[PDB]
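**Student:** Sharing a structure, written as structure tokens. Questions coming.
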Amino acid sequence: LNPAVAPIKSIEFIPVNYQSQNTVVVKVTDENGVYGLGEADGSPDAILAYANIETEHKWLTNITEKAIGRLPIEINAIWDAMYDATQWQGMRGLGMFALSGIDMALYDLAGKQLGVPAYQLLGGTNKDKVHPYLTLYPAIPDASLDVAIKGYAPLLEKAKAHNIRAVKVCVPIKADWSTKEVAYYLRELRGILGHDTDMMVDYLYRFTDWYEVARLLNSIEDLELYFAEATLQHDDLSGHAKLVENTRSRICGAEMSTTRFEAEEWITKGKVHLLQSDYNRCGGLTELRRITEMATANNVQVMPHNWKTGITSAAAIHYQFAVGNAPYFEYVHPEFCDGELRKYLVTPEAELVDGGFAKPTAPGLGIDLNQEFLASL
Amino acid sequence: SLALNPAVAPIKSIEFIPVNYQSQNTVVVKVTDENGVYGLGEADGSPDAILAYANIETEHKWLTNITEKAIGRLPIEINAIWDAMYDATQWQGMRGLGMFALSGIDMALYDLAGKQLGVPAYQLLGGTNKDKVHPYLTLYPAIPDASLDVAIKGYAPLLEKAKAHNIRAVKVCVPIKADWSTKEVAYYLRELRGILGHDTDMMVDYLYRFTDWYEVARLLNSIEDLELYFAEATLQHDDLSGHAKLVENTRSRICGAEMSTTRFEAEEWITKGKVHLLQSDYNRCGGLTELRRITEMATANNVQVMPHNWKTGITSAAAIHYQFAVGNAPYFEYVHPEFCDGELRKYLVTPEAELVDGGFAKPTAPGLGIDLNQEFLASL
Amino acid sequence: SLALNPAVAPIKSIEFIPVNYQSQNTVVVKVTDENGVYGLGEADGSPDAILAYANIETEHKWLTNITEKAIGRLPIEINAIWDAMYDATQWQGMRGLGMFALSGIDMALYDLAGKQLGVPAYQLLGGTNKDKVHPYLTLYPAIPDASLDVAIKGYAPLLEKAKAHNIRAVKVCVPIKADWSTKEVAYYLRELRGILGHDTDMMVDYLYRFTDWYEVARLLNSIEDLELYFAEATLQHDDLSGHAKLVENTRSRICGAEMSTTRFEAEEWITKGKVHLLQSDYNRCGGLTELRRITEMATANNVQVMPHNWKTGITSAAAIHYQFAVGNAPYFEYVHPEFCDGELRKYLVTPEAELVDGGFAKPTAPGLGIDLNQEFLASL
Amino acid sequence: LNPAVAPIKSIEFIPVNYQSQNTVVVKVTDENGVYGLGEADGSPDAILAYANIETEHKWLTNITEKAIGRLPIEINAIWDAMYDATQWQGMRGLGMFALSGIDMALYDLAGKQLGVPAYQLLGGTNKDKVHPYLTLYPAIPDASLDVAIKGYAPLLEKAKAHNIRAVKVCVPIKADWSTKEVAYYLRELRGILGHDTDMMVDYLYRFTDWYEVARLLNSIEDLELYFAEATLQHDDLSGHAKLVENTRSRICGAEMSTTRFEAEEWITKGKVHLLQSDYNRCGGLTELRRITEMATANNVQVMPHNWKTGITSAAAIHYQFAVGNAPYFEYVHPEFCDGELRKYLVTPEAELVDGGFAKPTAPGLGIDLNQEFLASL
Ligand SMILES: [Mg+2]
Ligand SMILES: [Mg+2]
Ligand SMILES: [Mg+2]
Ligand SMILES: [Mg+2]
Ligand SMILES: [Mg+2]
Ligand SMILES: [Mg+2]
Ligand SMILES: [Mg+2]
Ligand SMILES: [Mg+2]
């Protein structure tokens with residue numbers, strides 16, 4: 001057998017704060033010193049504590065215990081083991097963020113051992129390139145319609161200049177615009193962007209009444225927006241079904257969810273067009289694979305939520321090549337987003353050429369920490 | 001014009017206190033108002049994971065420290081505060097561990113609000129028309145997992161003791177590591193039922209040892225004659241469709257939601273799981289406030305609620321108040337000192353409700369009628 | 001051991017007081033405790049029919065005098081008392097007039113319980129996270145039923161006045177005896193909408209003038225451009241299947257349950273009527289206690305609740321407290337003195353909530369913050 | 001990268017007949033001479049002709065064409081590429097058997113290149129041992145009850161002696177026994193075997209009326225059989241549903257089906273408790289993985305049909321370890337079967353101990369052709 005396939009020796013959770021952007025790097029190392037990198041969402045110190053709890057019983061075990069000593073190649077089996085041993089407090093919520101980080105690191109570690117890029121461990125690909133949609137947000141107050149539009153105007157011009165195939169814009173949380181003003185706002189941005197680029201919208205959960213949201217969405221149908229994200233409260237699945245039944249917009253769901261079980265509910269009860277389960281929240285690449293194959297059979301697209309560091313971004317590219325079932329996937333690019341962690345935490349940076357990425361050639365996720373940057377916090 | 005109650009003072013601080021005993025542990029939640037008056041509650045989950053969660057730093061609209069939205073609020077507005085805490089913590093507290101922390105605070109608010117207004121907690125949940133409540137007691141002997149004869153011999157004295165004290169209902173378990181075939185489990189339960197007799201209701205906890213509904217159905221159907229009250233933790237907790245199969249192909253009461261959180265998961269168990277009874281826990285699912293919503297919803301759908309309960313006397317006190325004002329079933333889970341091992345359960349708080357003839361009388365003290373036994377607590 | 005609140009005293013008597021004005025009438029319900037402290041509420045229905053109902057003689061388990069089960073109970077146990085009264089009166093009070101009487105008592109309990117504990121009523125319903133609430137005002141000019149030009153001319157000054165006072169939303173009605181064709185109704189509403197402008201939400205009450213859903217659908221669909229908030233009393237109140245048709249074939253919000261009683265009828269409107277909004281009345285459907293259950297149920301099903309409200313300042317006070325702690329919609333029905341005729345509505349009780357910029361601030365007085373204006377009341 | 005992961009160079013379909021019994025071996029060789037073995041069901045000559053057709057258009061392509069030149073590690077991608085290019089005549093039926101053989105062979109090849117057993121390429125395992133059910137059938141005339149019961153007698157006893165945990169008996173096709181006689185037959189067999197060993201029953205499609213079958217199955221509920229296979233005609237899904245709705249027996253389906261699309265129908269329309277899609281018919285291990293994960297979500301067990309040579313039997317052991325969701329799986333063992341082909345075609349044979357198999361250790365499927373036996377034609 002392949003000697004490089006060695007059992008996991010250790011797994012450490014490494015908080016990384018930068019003055020308030022942060023993440024929790026997950027490092028899994030085998031007995032030969034080779035290691036994989038992943039990252040978990042959630043308050044770094046809460047995640048670190050959870051990752052260091054004492055095992056108490058069958059359903060309340062330390063998350064890393066079931067992985068240490070196992071062969072990194074058995075990613076599916078290791079996932080089941082960790083999940084089963086942590087049911088008392090990790091079936092949903094924060095605990096799943098920790099499991100995600102480990103699952104992610106395993107694809108990077110397994111890739112290095114076998115000498116293959118992570119997407120080849122996920123089924124391989126028939127695509128020659130993938131194209132992300134970029135989430136854009138200017139450094140604005142929440143501001144006024146004028147400030148917001150002026151702040152977006154250039155990011156949108158820059159996107160078109162770079163031939164980005166799709167972009168997502170947001171409605172400022174603290175903004176107090178009426179739905180009539182939101183429509184105007186979106187019309188103005190779409191006016192700036194043009195119709196050759198797909199445009200997604202994140203309403204940041206500013207609504208609670210499906211009826212009002214339906215009136216808004218049905219009034220801007222002419223804008224041919226790609227989707228409507230975070231319209232109603234995340235727990236309001238029946239409310240989302242109402243939107244699907246009464247509008248012609250693509251309705252998204254599950255951005256903050258965890259596991260395929262919550263994903264299944266969004267599909268059947270929420271009737272949503274697209275799931276946004278996050279790499280570093282819902283159960284990693286392994287759970288996103290099950291979620292996506294289930295989604296496909298149900299005519300539901302999956303565009304995993306993504307706004308962390310270069311670690312998740314790398315996982316995102318690999319996901320899109322072997323698992324993705326949609327035209328785009330969420331990605332945060334350094335030239336279209338402020339944030340040092342995203343910018344320098346890991347290297348190298350995937351090269352975006354004409355709005356797309358080429359197939360990964362390096363082992364695993366093809367990334368490593370920028371010791372220099374990390375050396376300074 | 002009439003002046004308002006002076007005792008209804010703003011909350012000044014919220015403290016999470018982990019308590020381990022050498023294992024046995026819990027997380028005491030103490031909410032103190034402007035005048036030094038306080039309420040006690042407790043949260044499930046690894047005490048140190050919970051402690052760290054309770055001390056995180058606020059980052060944005062949906063990622064706030066759980067206590068932040070409670071500080072400065074009047075303890076009497078429990079429902080509003082619950083919503084304030086939930087909304088501000090959606091990023092990592094909608095489900096799982098995070099809800100355990102919110103649960104502990106909610107529980108404490110009933111105790112505190114009760115003291116400020118000078119009324120027992122159940123009167124803040126609607127009052128009661130019951131004069132007494134009767135819990136079912138969960139029994140488990142000290143047996144190594146053990147074998148058939150070993151397990152039966154170990155349960156025997158507990159079952160006789162319960163009959164002697166007139167306990168109206170008890171729950172027995174199938175040991176986790178026991179490798180008994182389904183037929184041996186059937187034998188096992190027949191033996192226990194035989195020892196106990198049929199005047200006492202018997203619930204059974206299978207400790208999630210099954211994954212195939214058909215096998216489980218064959219089991220439960222083979223023991224209808226035992227007239228067991230319910231079948232708990234038969235299939236894996238995520239297998240809601242599997243529970244539905246059980247309900248559709250057997251005549252046993254099927255339970256669910258013991259490890260769940262929030263009324264949203266509870267609703268799914270009701271509609272998709274089709275279960276006859278929900279076991280959402282006081283210190284996990286959202287405290288008494290969420291249990292009230294879950295129970296009123298459960299009643300409308302002909303579903304009983306018997307909250308999971310295996311912590312300290314803090315949750316036990318909450319359970320009695322719950323059963324008097326909210327409970328919609330004949331029994332509710334309760335762990336009694338004389339019927340279990342657990343120094344933490346026996347000594348952490350005082351006083352202890354007096355079980356008379358297998359029932360509890362209406363609580364009379366303000367709030368949850370409990371307090372920390374500092375000597376025990378100080379003894380480490 | 002801590003002593004309980006002394007102010008929480010048993011209820012000693014319950015009195016129903018009919019009040020007519022020459023027509024305008026109501027039934028004041030006064031609940032007095034051991035120490036003379038009392039709460040006010042009011043019941044809908046013919047005052048003399050209600051009076052007689054409130055004084056019937058107990059005959060058997062299900063045919064009891066409504067007050068009997070409340071007398072001797074601590075006002076703080078509102079939910080338990082509600083169940084006690086309901087269960088004992090099933091023979092003739094489960095629906096209809098009988099529930100009006102129960103509603104009045106429940107409302108009074110919030111006022112009384114509030115005074116004993118020294119807290120505003122909304123704090124007994126869970127508190128609030130809102131700083132202000134905004135009602136919609138129902139407008140109707142003095143017009144004989146009138147004709148198109150007559151009705152429009154009459155509504156004009158009311159609509160301008162509302163805009164001047166910054167009322168966030170208003171409701172207009174289609175006169176009952178008006179024989180306008182559906183096309184004339186469409187014209188009518190277009191005119192009113194034109195006068196009002198689009199910054200103020202406009203609700204429409206059709207006063208049950210229709211019986212054919214298809215005709216109604218054609219109407220509502222022809223006026224989508226008016227962006228009306230909702231369509232109330234379109235089809236007959238018993239026609240739940242007809243409302244479903246409307247919801248399925250139009251894009252207007254369809255209301256229901258304005259004249260209904262209990263959460264059981266409310267549930268049917270939700271599931272069978274498929275309505276977007278319930279209008280169960282404070283003084284008809286079961287008071288604030290039942291409105292709380294109906295609203296929490298409505299929210300889970302994405303249904304708004306704007307309780308019907310057209311009585312005296314007693315229900316108006318209840319409405320504000322309701323909206324702060326229970327309401328799940330942007331507005332709620334309210335009748336304001338400066339926007340209506342009604343000596344009973346204007347003078348029966350004091351003080352009057354101050355509408356500032358079309359909104360109400362948090363109530364501060366105990367209970368419902370109201371009391372009988374004996375001079376007015378004494379003046380017959 | 002990993003030098004061993006080389007492009008596929010050729011794919012050969014080799015008919016194997018015995019003087020009756022036959023199969024079609026599938027040999028996929030990479031650019032280094034390393035190869036993987038697999039087998040396809042169906043008339044060997046029909047299959048060979050199908051594997052040698054000429055590409056005509058987008059949807060009518062030679063099955064091997066989309067695999068040649070591809071890295072065998074990208075099994076999921078190759079599966080899609082082959083399926084997509086052969087839709088015109090390979091979406092269902094015979095065509096899928098061929099695709100199945102190639103898919104199976106890719107797991108063996110990919111396992112050899114990476115130097116890991118096939119099951120690790122399917123997720124790994126947390127099971128230490130797997131236990132098959134053995135399909136038994138005596139060499140009997142169709143015969144009378146007595147004769148049939150007599151033939152099964154020794155086999156049953158031998159099964160108990162070898163501690164086989166589960167066995168499947170069949171009702172002779174040409175047997176003209178009434179439903180009452182079939183019931184007597186099964187009672188007699190259950191008596192001989194005992195209840196400590198699970199017993200499955202294959203009725204070989206002798207019924208067409210669900211009502212009659214329900215009566216039979218409801219009358220032998222006391223025998224507590226594990227399942228009822230091939231009761232009604234294979235196209236009669238609505239009929240299987242009536243069986244499920246009116247009896248308490250586990251009802252099987254999909255034995256002769258292909259693709260996860262037919263399997264989904266069996267689950268939702270047929271309401272069956274267990275699927276029997278075959279490794280060498282339905283789309284191979286890749287499709288069995290999708291079918292099983294879908295089945296698990298629907299509380300449906302999967303025990304893939306298996307009656308070919310040691311090539312499929314090997315694939316079956318690996319399947320059960322990493323993908324299987326049921327306590328047993330079909331297996332044909334040489335000491336319990338009478339097939340020269342099943343015994344000699346490939347080596348080595350997995351060791352059955354106390355009714356179970358240990359985790360495979362050799363790369364890929366761990367089998368190879370027995371040249372001598374083959375040279376014997
Ligand atoms: Mg978002
Ligand atoms: Mg489909
Ligand atoms: Mg349990
Ligand atoms: Mg009901
Ligand atoms: Mg009306
Ligand atoms: Mg809902
Ligand atoms: Mg067969
Ligand atoms: Mg399921």
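Ordered as shown in the structure tokens, chains take letters A, B, and onward, while each chain numbers its residues from 1 and ligands are numbered from 1 in the order shown.
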Could you please extract the residues within 8 Å of ligand 2, counting only C-alpha atoms and all ligand atoms, and hand them back as a PDB file with C-alpha atoms, in the first residue's frame?

**Tutor:**
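Result written to part-v1.pdb:
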```
ATOM      1  CA  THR A 296     -29.537  18.458  -7.880  1.00  0.00           C
ATOM      2  CA  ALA A 297     -32.181  15.709  -7.797  1.00  0.00           C
ATOM      3  CA  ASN A 298     -34.575  18.343  -6.458  1.00  0.00           C
ATOM      4  CA  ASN A 299     -33.720  21.012  -9.046  1.00  0.00           C
TER       5      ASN A 299
END
```

**Student:** Between chain A and ligand 8, at 12 Å or less, what are the per-residue closest atom pairs and their distances in Å? Count only C-alpha atoms and all ligand atoms, order by chain and rising residue number, and return it as JSON lines.

**Tutor:**
```
{"residue": "A:260", "atom": "CA", "partner": "ligand 8", "partner_atom_place_in_ligand_line": "1 (Mg)", "distance": 10.1}
{"residue": "A:261", "atom": "CA", "partner": "ligand 8", "partner_atom_place_in_ligand_line": "1 (Mg)", "distance": 8.0}
{"residue": "A:262", "atom": "CA", "partner": "ligand 8", "partner_atom_place_in_ligand_line": "1 (Mg)", "distance": 11.0}
{"residue": "A:263", "atom": "CA", "partner": "ligand 8", "partner_atom_place_in_ligand_line": "1 (Mg)", "distance": 11.6}
{"residue": "A:264", "atom": "CA", "partner": "ligand 8", "partner_atom_place_in_ligand_line": "1 (Mg)", "distance": 8.6}
{"residue": "A:265", "atom": "CA", "partner": "ligand 8", "partner_atom_place_in_ligand_line": "1 (Mg)", "distance": 10.0}
{"residue": "A:268", "atom": "CA", "partner": "ligand 8", "partner_atom_place_in_ligand_line": "1 (Mg)", "distance": 11.5}
{"residue": "A:294", "atom": "CA", "partner": "ligand 8", "partner_atom_place_in_ligand_line": "1 (Mg)", "distance": 11.7}
```

**Student:** At a cut-off of 8 Å, using only C-alpha atoms, what residues contact residue 148 (chain A)? Leave out same-chain residues fewer than 5 positions from it and give the result as a compact mmCIF listing (two decimals) with N, CA and C atoms, in the first residue's frame.

**Tutor:**
```txt
# COMPACT_ATOMS: atom_id res chain seq x y z
N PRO A 138 -19.02 48.49 -0.69
CA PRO A 138 -18.15 49.64 -0.46
C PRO A 138 -18.04 50.04 1.01
N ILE A 140 -18.95 52.17 3.20
CA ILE A 140 -19.93 53.23 3.38
C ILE A 140 -20.50 53.26 4.80
N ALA A 143 -25.48 53.91 5.31
CA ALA A 143 -25.59 55.21 4.65
C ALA A 143 -26.92 55.51 3.97
```

**Student:** Show me which residues sit within 8 Å of ligand 5 when counting only C-alpha atoms and all ligand atoms, and put them as JSON, numbers by chain.

**Tutor:** {"C": [205, 206, 207, 232, 233, 258, 308]}

**Student:** Find the residues near ligand 7. Use a cut-off of 8 Å, count only C-alpha atoms and all ligand atoms, and write them as a list in words.

**Tutor:**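 Counting only what the definition allows, namely only C-alpha atoms and all ligand atoms, the set is residues 202, 203, 204, 229, 230, 255 and 305 of chain D.
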
**Student:** May I have the residues from that selection written out with N, CA and C atoms, as a short mmCIF file (atom, residue, chain, number, x, y, z; two decimals), in the first residue's frame?

**Tutor:**
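Saved to out.cif:
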```
data_model
loop_
_atom_site.label_atom_id
_atom_site.label_comp_id
_atom_site.auth_asym_id
_atom_site.auth_seq_id
_atom_site.Cartn_x
_atom_site.Cartn_y
_atom_site.Cartn_z
N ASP D 202 -36.75 -15.41 -2.24
CA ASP D 202 -36.83 -14.93 -3.62
C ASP D 202 -37.96 -15.74 -4.26
N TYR D 203 -39.00 -15.07 -4.73
CA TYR D 203 -40.14 -15.76 -5.34
C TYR D 203 -40.03 -15.85 -6.85
N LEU D 204 -38.92 -15.36 -7.39
CA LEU D 204 -38.67 -15.42 -8.82
C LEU D 204 -39.80 -14.97 -9.74
N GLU D 229 -38.52 -10.98 -1.93
CA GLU D 229 -37.96 -10.50 -3.19
C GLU D 229 -38.69 -11.06 -4.41
N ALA D 230 -38.73 -10.26 -5.47
CA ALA D 230 -39.35 -10.65 -6.73
C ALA D 230 -40.73 -11.28 -6.57
N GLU D 255 -34.26 -5.22 -8.57
CA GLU D 255 -33.25 -6.21 -8.88
C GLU D 255 -32.71 -6.08 -10.31
N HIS D 305 -28.03 -6.79 -5.90
CA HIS D 305 -28.12 -8.12 -6.49
C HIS D 305 -26.70 -8.52 -6.88
#
```

**Student:** If you count only C-alpha atoms, which residues fall within 12 Å of residue 239 (chain A), apart from same-chain ones fewer than 6 positions away, as a compact mmCIF listing (two decimals) with N, CA, C and O atoms, in the first residue's frame?

**Tutor:**
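Writing the result to part-v6.txt gives the following:
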```txt
# COMPACT_ATOMS: atom_id res chain seq x y z
N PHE A 207 -36.33 41.93 6.29
CA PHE A 207 -37.78 41.74 6.24
C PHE A 207 -38.32 40.60 7.10
O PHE A 207 -37.60 39.64 7.41
N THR A 208 -39.59 40.70 7.46
CA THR A 208 -40.27 39.68 8.26
C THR A 208 -41.64 39.32 7.66
O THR A 208 -42.24 38.32 8.04
N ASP A 209 -42.12 40.14 6.74
CA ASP A 209 -43.43 39.88 6.13
C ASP A 209 -43.29 39.48 4.66
O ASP A 209 -42.94 40.30 3.80
N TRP A 210 -43.57 38.21 4.37
CA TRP A 210 -43.45 37.71 3.01
C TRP A 210 -44.24 38.51 1.98
O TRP A 210 -43.81 38.64 0.83
N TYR A 211 -45.40 39.02 2.38
CA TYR A 211 -46.23 39.78 1.47
C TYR A 211 -45.53 41.03 0.95
O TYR A 211 -45.53 41.31 -0.25
N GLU A 212 -44.94 41.80 1.87
CA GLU A 212 -44.21 43.01 1.51
C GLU A 212 -43.02 42.66 0.63
O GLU A 212 -42.72 43.36 -0.34
N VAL A 213 -42.33 41.57 0.95
CA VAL A 213 -41.18 41.15 0.15
C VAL A 213 -41.64 40.72 -1.25
O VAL A 213 -40.97 41.00 -2.24
N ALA A 214 -42.78 40.06 -1.33
CA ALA A 214 -43.30 39.62 -2.63
C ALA A 214 -43.62 40.83 -3.52
O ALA A 214 -43.34 40.83 -4.72
N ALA A 230 -31.39 36.19 1.76
CA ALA A 230 -31.66 36.75 3.08
C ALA A 230 -32.80 37.76 3.09
O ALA A 230 -32.68 38.86 3.63
N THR A 231 -33.91 37.37 2.49
CA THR A 231 -35.10 38.22 2.44
C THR A 231 -35.82 38.16 3.80
O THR A 231 -35.90 39.15 4.53
N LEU A 232 -36.32 36.97 4.14
CA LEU A 232 -37.03 36.77 5.39
C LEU A 232 -36.10 36.19 6.46
O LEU A 232 -34.98 35.77 6.16
N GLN A 233 -36.55 36.16 7.71
CA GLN A 233 -35.72 35.63 8.78
C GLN A 233 -35.35 34.18 8.48
O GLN A 233 -36.15 33.42 7.94
N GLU A 245 -43.88 30.67 -3.98
CA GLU A 245 -45.21 30.47 -4.57
C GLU A 245 -45.83 31.74 -5.16
O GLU A 245 -46.70 31.66 -6.02
N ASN A 246 -45.37 32.90 -4.71
CA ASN A 246 -45.96 34.15 -5.16
C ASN A 246 -45.06 35.14 -5.92
O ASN A 246 -45.48 36.25 -6.20
N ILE A 251 -35.29 32.25 -4.99
CA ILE A 251 -35.25 32.51 -3.55
C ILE A 251 -34.17 31.63 -2.92
O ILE A 251 -34.16 30.42 -3.14
N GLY A 253 -31.78 30.22 0.48
CA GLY A 253 -31.95 29.86 1.88
C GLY A 253 -30.74 29.11 2.41
O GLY A 253 -29.82 28.81 1.66
N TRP A 266 -34.98 23.06 4.02
CA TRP A 266 -35.06 24.26 3.19
C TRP A 266 -35.60 23.90 1.80
O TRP A 266 -36.35 24.65 1.20
N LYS A 269 -39.55 22.17 2.62
CA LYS A 269 -40.47 23.07 3.28
C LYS A 269 -40.28 24.51 2.79
O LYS A 269 -41.25 25.22 2.52
N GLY A 270 -39.03 24.94 2.65
CA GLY A 270 -38.79 26.28 2.17
C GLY A 270 -39.02 26.43 0.67
O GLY A 270 -39.25 27.54 0.20
N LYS A 271 -38.97 25.31 -0.06
CA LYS A 271 -39.15 25.30 -1.51
C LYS A 271 -38.14 26.21 -2.22
O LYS A 271 -38.38 26.64 -3.35
N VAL A 272 -37.02 26.49 -1.57
CA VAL A 272 -36.04 27.42 -2.16
C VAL A 272 -35.36 26.96 -3.45
O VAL A 272 -35.22 25.76 -3.70
N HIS C 276 -54.60 36.11 4.97
CA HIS C 276 -53.31 36.71 5.32
C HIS C 276 -53.35 37.39 6.67
O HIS C 276 -52.30 37.67 7.26
N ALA C 298 -50.70 32.41 14.60
CA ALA C 298 -50.73 33.14 13.34
C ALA C 298 -49.31 33.39 12.80
O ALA C 298 -49.05 33.21 11.61
N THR C 299 -48.41 33.82 13.68
CA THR C 299 -47.03 34.10 13.29
C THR C 299 -46.35 32.86 12.70
O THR C 299 -45.64 32.94 11.69
N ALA C 300 -46.56 31.72 13.33
CA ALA C 300 -45.94 30.48 12.86
C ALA C 300 -46.45 30.13 11.46
O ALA C 300 -45.76 29.44 10.71
N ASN C 301 -47.63 30.62 11.12
CA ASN C 301 -48.22 30.35 9.80
C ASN C 301 -48.16 31.56 8.86
O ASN C 301 -48.86 31.59 7.85
N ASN C 302 -47.32 32.54 9.20
CA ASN C 302 -47.15 33.74 8.39
C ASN C 302 -48.43 34.53 8.20
O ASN C 302 -48.71 35.02 7.10
N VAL C 303 -49.21 34.63 9.27
CA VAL C 303 -50.47 35.36 9.24
C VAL C 303 -50.40 36.52 10.24
O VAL C 303 -50.03 36.32 11.40
```

**Student:** What residues in region 13-261 of chain B get the DSSP label strand (DSSP E or B)? Please answer as a PyMOL selection string.

**Tutor:** chain B and resi 13-21+24-33+38-43+60+63+120+132-133+136-138+169-173+201-205+231-232+254-256

**Student:** Using only C-alpha atoms, tabulate the residues of chain D lying at most 10 Å from any atom of chain B, each with its closest atom pair and that distance in Å to one decimal, by chain and increasing residue number, as a tab-separated table.

**Tutor:**
```
residue	atom	partner	partner_atom	distance
D:224	CA	B:218	CA	9.2
D:226	CA	B:215	CA	9.8
D:248	CA	B:249	CA	8.4
D:249	CA	B:214	CA	9.2
D:250	CA	B:214	CA	7.9
D:273	CA	B:214	CA	8.7
D:296	CA	B:239	CA	9.7
D:297	CA	B:241	CA	8.1
D:298	CA	B:241	CA	7.1
D:299	CA	B:242	CA	6.2
D:300	CA	B:212	CA	8.9
D:301	CA	B:212	CA	8.7
D:325	CA	B:211	CA	9.6
D:326	CA	B:212	CA	8.5
D:327	CA	B:212	CA	9.6
```

**Student:** Taking a cut-off of 7 Å and counting only C-alpha atoms, can you build a table that, for each residue of chain B near chain C, reports the nearest atom pair and how far apart they are in Å (one decimal), sorted by chain then residue number, as a tab-separated table?

**Tutor:**
```
residue	atom	partner	partner_atom	distance
B:2	CA	C:365	CA	6.7
B:4	CA	C:118	CA	4.6
B:5	CA	C:118	CA	4.7
B:76	CA	C:123	CA	6.6
B:77	CA	C:127	CA	4.1
B:78	CA	C:126	CA	5.9
B:79	CA	C:126	CA	4.7
B:80	CA	C:128	CA	5.1
B:117	CA	C:117	CA	6.5
B:118	CA	C:4	CA	4.6
B:119	CA	C:4	CA	5.7
B:123	CA	C:77	CA	5.9
B:126	CA	C:79	CA	4.7
B:127	CA	C:77	CA	4.1
B:128	CA	C:80	CA	5.1
B:129	CA	C:80	CA	5.8
B:365	CA	C:2	CA	6.7
B:366	CA	C:4	CA	6.3
```

**Student:** Show me, as a PyMOL selection string, the residues of chain D whose atoms get within 7 Å of chain A, using only C-alpha atoms for the distance check.

**Tutor:** chain D and resi 1-2+73-77+114-116+120+123-126+363

**Student:** May I have the residues within 8 Å of residue 149 (chain D) as a PDB file with C-alpha atoms, in the first residue's frame, using only C-alpha atoms and disregarding those fewer than 3 positions away in the same chain?

**Tutor:**
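Saved as selection.pdb:
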```
ATOM      1  CA  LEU D 145     -42.245 -29.878  -2.492  1.00  0.00           C
ATOM      2  CA  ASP D 146     -40.519 -32.897  -0.936  1.00  0.00           C
ATOM      3  CA  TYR D 152     -32.256 -27.351   0.618  1.00  0.00           C
ATOM      4  CA  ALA D 153     -31.840 -29.468   3.754  1.00  0.00           C
ATOM      5  CA  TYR D 185     -42.715 -24.923   1.723  1.00  0.00           C
ATOM      6  CA  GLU D 188     -40.681 -26.343   6.388  1.00  0.00           C
ATOM      7  CA  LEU D 189     -37.502 -24.524   5.370  1.00  0.00           C
TER       8      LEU D 189
END
```

**Student:** Which neighbours of residue 19 (chain A) fall inside 10 Å, counting only C-alpha atoms, when residues of the same chain fewer than 2 positions from it are skipped, and could you give them as a PyMOL selection string?

**Tutor:** chain A and resi 17+21-22+340+377

**Student:** Taking C-alpha atoms for each residue, export the selection above as a PDB file, in the first residue's frame.

**Tutor:**
```
ATOM      1  CA  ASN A  17      -7.371  37.826  14.999  1.00  0.00           C
ATOM      2  CA  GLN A  21     -11.529  40.178  11.178  1.00  0.00           C
ATOM      3  CA  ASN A  22     -10.789  36.656  12.366  1.00  0.00           C
ATOM      4  CA  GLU A 340      -5.886  41.595   5.458  1.00  0.00           C
ATOM      5  CA  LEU A 377      -0.508  38.374  14.036  1.00  0.00           C
TER       6      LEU A 377
END
```

**Student:** Which residues sit within 12 Å of ligand 3, counting only C-alpha atoms and all ligand atoms, listed as an MDAnalysis selection string?

**Tutor:** (chainID A and resid 59 88) or (chainID B and resid 138:140 171:176 203:209 230:237 255:260 278:281 306:310 333)

**Student:** Rounded to one decimal in Å, what is the spacing between CA of residue 131 (chain D) and CA of residue 355 (chain D)?

**Tutor:**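 A separation of 6.0 Å between them.
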
**Student:** Write out as a ChimeraX atom specification each polymer residue whose atoms come within 8 Å of region 369-376 of chain A, counting only C-alpha atoms; drop sequence neighbours fewer than 5 positions from it.

**Tutor:** /A:344-347
